[PDB]
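Colleague: Need the 3D shape of this:
(2 chains)
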Amino acid sequence: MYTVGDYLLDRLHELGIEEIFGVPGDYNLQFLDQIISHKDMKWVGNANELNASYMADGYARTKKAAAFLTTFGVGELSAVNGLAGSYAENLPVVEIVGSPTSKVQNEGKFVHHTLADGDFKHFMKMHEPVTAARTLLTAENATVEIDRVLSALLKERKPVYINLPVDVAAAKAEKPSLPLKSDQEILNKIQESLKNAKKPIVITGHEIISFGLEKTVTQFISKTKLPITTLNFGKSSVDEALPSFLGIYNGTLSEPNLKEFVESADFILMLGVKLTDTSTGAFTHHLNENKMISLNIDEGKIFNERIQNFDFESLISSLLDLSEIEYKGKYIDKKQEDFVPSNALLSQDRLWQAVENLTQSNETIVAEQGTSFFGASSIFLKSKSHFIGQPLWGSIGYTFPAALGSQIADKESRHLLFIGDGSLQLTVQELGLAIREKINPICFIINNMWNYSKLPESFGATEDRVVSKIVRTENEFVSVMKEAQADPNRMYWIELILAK
Amino acid sequence: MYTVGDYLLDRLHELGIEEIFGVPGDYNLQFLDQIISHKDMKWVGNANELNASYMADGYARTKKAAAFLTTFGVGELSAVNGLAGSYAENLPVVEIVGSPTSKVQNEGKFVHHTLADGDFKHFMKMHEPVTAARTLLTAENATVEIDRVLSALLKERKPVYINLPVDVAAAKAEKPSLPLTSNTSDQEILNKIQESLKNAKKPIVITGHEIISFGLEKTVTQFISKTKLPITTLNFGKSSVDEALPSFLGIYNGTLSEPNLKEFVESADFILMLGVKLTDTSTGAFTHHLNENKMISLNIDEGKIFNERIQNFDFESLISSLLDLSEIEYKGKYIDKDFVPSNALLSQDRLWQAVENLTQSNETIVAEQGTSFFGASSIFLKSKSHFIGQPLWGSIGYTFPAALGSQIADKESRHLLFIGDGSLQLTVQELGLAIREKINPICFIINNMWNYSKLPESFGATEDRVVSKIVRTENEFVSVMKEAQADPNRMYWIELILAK
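Modeller: Residues are numbered from 1 along each chain as shown, chains lettered A, B, ... in the order given. And now the structure:
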């Protein structure tokens, strides 16, 4: 039989979701079965819900849609932080919440995972400010409601919430039938501005990643040869290997040449950007609104004139159909110091120098808030690479599960995680999943309270699965980097000890 | 100078809170210092916020008030699930949330830990359905607001929320001078209770969780002692009376109750229910038979005298008044109510038989949902003992941090934790705190896939701090139980392997 559960899963498939994360609970058991049954969908169960939500986030970053399952009350409220972070940084994550039978909910009984007030609507209400759409399904409204909220996900690429009562998931429903899903004036104004500019700057941001427009932007920048920079909030919204990519613009913390280039530009095109404290060097950015066109998901501005009505995705896509754009100016001077290692102990500055030099193409780099994010975000990535950081929401522990989710999202991109020992502790339990799912990320755990080196062994990993290293010197670092990248079939668990 | 922070902490001292849990964050650092400075208050920092909230809950259960500190956004939303569970089971927990300077909040800036919408009020709104009172402090309203919400905590003994902006915590304030009877229908009620009790040929007192909430356990025990009244508790409120009393019957849990108790309770001619809430898991899936027509029930918010609702009364002093009843003495019969180990492997039923026989006085027993809770809740505790279970909210992982919090709350009560391997994983990181704070609980981890045995060693414990055991047989169990109870200066990490 085809059921509501089936409908939801097929819909999720259409969004490109191939794995669902989460945690079994009594009110979501039956639907969990349905996920198993669907051959086009794989269940990847976490240790805890919060980890699940983080892992779905990372998955969304790469796969461009994600979903995870929790249980009413205890599950959903565990995940809320981190669904919040998916709202803040605009990732398309579906949260499915298995709830008691509608019979139980209507009778308002004091059942487990409630406040024994017979109210089944509190937790959805609590999810209001961190979801673009929500629904409590019924047998009648199910197909309509699923479609409504998944549509909102497509529109906004912000997380959405579906409360799925046991019996509603098992109820019959009819398959698919139909799939789910001022621009001209704007384009001309952009094109006119670009033809006129003697020194333009494109600045792209997180919302580009949200809609998986990275390749569009890259292709746009390539043909035009337009100067481009990103914020750290949206690092990799363009291929950093392009010759017209300047580096990261981050207020007065920007490298001086980039800073001067950006802030002396005669035209600014900002795409999918939000200026936050940590992404603008504590608001020390100088982006004159009078010579700037900015486009975002929800709104945009043409030279201080707000625009309301447009389609963000296709408006960006249209940048490719512009014409007679070619930048003939200079850029900024880069640097070509090779990392030559010694037996010197590894320092922070040397680490990132080495990472930049040794990183390869087709890699995703994930960096946790703290020394790791600060160092890693300034790196120029290799061609066809990606970056995951969470500098707006800034939830510690995030990058570990996120890294794993992302790695699962794209097996073809080798993930390199940079996380501090302090932070890793908060989400370390997902090491279990890493071992089970036989995924192969390169994990660097920077030191500075437990002995993490021998953690894989504790979780039941052998040397055929995880390789554990300790690095103290430059030579050791180089060696282990190359060794790790040379072996795509094992996960690497590398403890860095940094000097001074 | 004396500050708002100081005010809050002095107020917290008056509630009897001697330790504050939580996690440092940039928006709560300065206030954290204030906790350190206060000699009558000790900071006990957790690994994660969720753990903190669970640990505060456990602390409240024993100390009868608790507090923990988180950081705006990421911190508070991490803890929300534990706070929800504190609301559900009615524990007096203060959540303090350090937030950005009021200057920043008013200017509505896109700072870290926000949704970059310049709204600072979302997260408090999300806490609405799980707090009895909430406040965003200002320099002006601080003393009033602190007192308002801490008063509500006193009234309802449900959790409360204080958002504390950096600058507001540092703002000048005066030491509190004043410290923190509703109706005379209390007198009528007492007489009706007394009249009913004198007349009853077979009365039953049933006490519940709300008794623990107000620390009325000793009152109830003294009441039952003088009168010799038959008493039973639900598992939702186990230990709301001293189970060692001769008139304590056991646990009433619907048709899952021991037959004699079941028949006693359900054939009673008068029922006095104090602080009771009937949930699915605490009745036998609602197989309780408590005739409302021969029953007086008192709760925090409301009560019923033979199907006549009362609204306005003081729960605490109304219970306290039960002691001033007179010419109450039960003259009736009660119900009818020893472990020899072998080399036989340890089974579930044998475990709890052994625990019941070997448990000592002045102990707290903490049991996680699943097998542990089912077995442990049926035990008769020794004199002056306590029980922690969370059968309403039923959040897995809870009992580990909760156990630790409770243990910190009362150093004089030896905690015995019974948790499943599955659940321990969710909150295991707090093992760090256990080692640091040099507390000495007896932890039984039922094994039912990582190597937990070597966990203390990982977290830096030596044999002088934690003793690690593996138990398979009955003899081994008895031996390790006695050995653990015989050594009050070390924590015990005991892995139970159960049979079929």
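Colleague: residues in the stretch 201-350 of chain A within reach of chain B, list them.
Modeller: Taking CB under 8 Å from any CB of the partner chain as the measure of proximity, the stretch 201-350 of chain A contacts chain B at A:274, A:275, A:276, A:277, A:278, A:283. Where you see a C-beta, it was placed from the backbone N, CA and C, and this is true even at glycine.
Colleague: what do you get if the cut-off is 7 Å, keeping everything else the same?
Modeller: Applying CB under 7 Å from any CB of the partner chain, we find that the stretch 201-350 of chain A lies next to chain B at A:274, A:275, A:276, A:277, A:278.
Colleague: what's the second one sitting at in phi/psi?
Modeller: To tie it back to what came earlier, the one meant is residue A:275. phi -90, psi 110 (degrees, to the nearest 10).
Colleague: What residues are bridge-paired with residue A:202?
Modeller: residue A:228, residue A:269 (DSSP bridges).
Colleague: Tell me, how many residues neighbour it?
Modeller: 26 (other CB atoms under 10 Å in any protein chain shown).
Colleague: Residue A:500 now?
Modeller: Using other CB under 10 Å, residue A:500 has 6 neighbouring residues.
Colleague: before we move on, what about residue A:28?
Modeller: Residue A:28 has 24 neighbouring residues, counting by other CB under 10 Å.
Colleague: how near is the closest residue to it other than its chain neighbours to chain B?
Modeller: Using CB to CB, 6 or more residues apart in numbering or on different chains and skipping residues adjacent in sequence, the residue nearest residue A:28 is residue A:98, 2.6 Å away. Distance of residue A:98 to chain B, given as CB to the nearest CB, to the nearest Å: 14 Å.
Colleague: thinking again about what came up before, pull out the buried members of the residues of the stretch 201-350 of chain A next to chain B.
Modeller: Buried members of these, scored by 16 or more other CB atoms under 10 Å in any protein chain shown, are A:274, A:275, A:276, A:277, A:278.
Colleague: Could you export those residues as CSV, including secondary structure?
Modeller: Shown next, in CSV, are these (DSSP: H, G, I helix; E, B strand; the rest coil):
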residue, secondary structure
A:274, coil
A:275, coil
A:276, coil
A:277, coil
A:278, coil
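Colleague: what secondary structure does residue A:177 sit in?
Modeller: Following three-state DSSP, we place residue A:177 in the coil state.
Colleague: Check the gap between it and chain B for me.
Modeller: 36 Å.
Colleague: And residue A:412, by the same measure?
Modeller: According to CB to the nearest CB, residue A:412 and chain B sit 30 Å apart.
Colleague: With adjacent residues omitted, what lies nearest to that residue?
Modeller: That would be residue A:362: by CB to CB, 6+ apart, it lies 6.7 Å from residue A:412.
Colleague: That neighbour: what's it in contact with?
Modeller: Contacts here follow CB atoms under 7 Å, 6 or more residues apart in numbering or on different chains; on that basis residue A:362 touches A:384, A:385, A:412, A:413, A:414.
Colleague: how many neighbours does the residue nearest to residue A:28 have?
Modeller: Residues lying near residue A:98 (other CB under 10 Å) number 27.
Colleague: who does it bridge with?
Modeller: Applying DSSP bridges, one finds that residue A:98 bridges with residue A:71, residue A:164.
Colleague: Quick check: it touching residue A:27?
Modeller: Yes - using CB atoms under 7 Å, residue A:98 is in contact with residue A:27, at 4.3 Å.
Colleague: Mutual contacts of these two, please.
Modeller: Common contact partners of residue A:98 and residue A:27 (CB under 7 Å, 6+ apart): A:71, A:72, A:166.
Colleague: Quick check: phi and psi at the last one.
Modeller: Backbone geometry at residue A:166, expressed as degrees, to the nearest 10, gives phi -40, psi -50.
Colleague: contacting residues for the residue in chain A that chain B sits nearest to?
Modeller: In chain A, the residue that lies nearest chain B is residue A:81 (3.5 Å; CB to the nearest CB). With contacts defined as CB under 7 Å, 6+ apart, residue A:81 is in contact with A:50, A:395, B:74, B:77, B:78.
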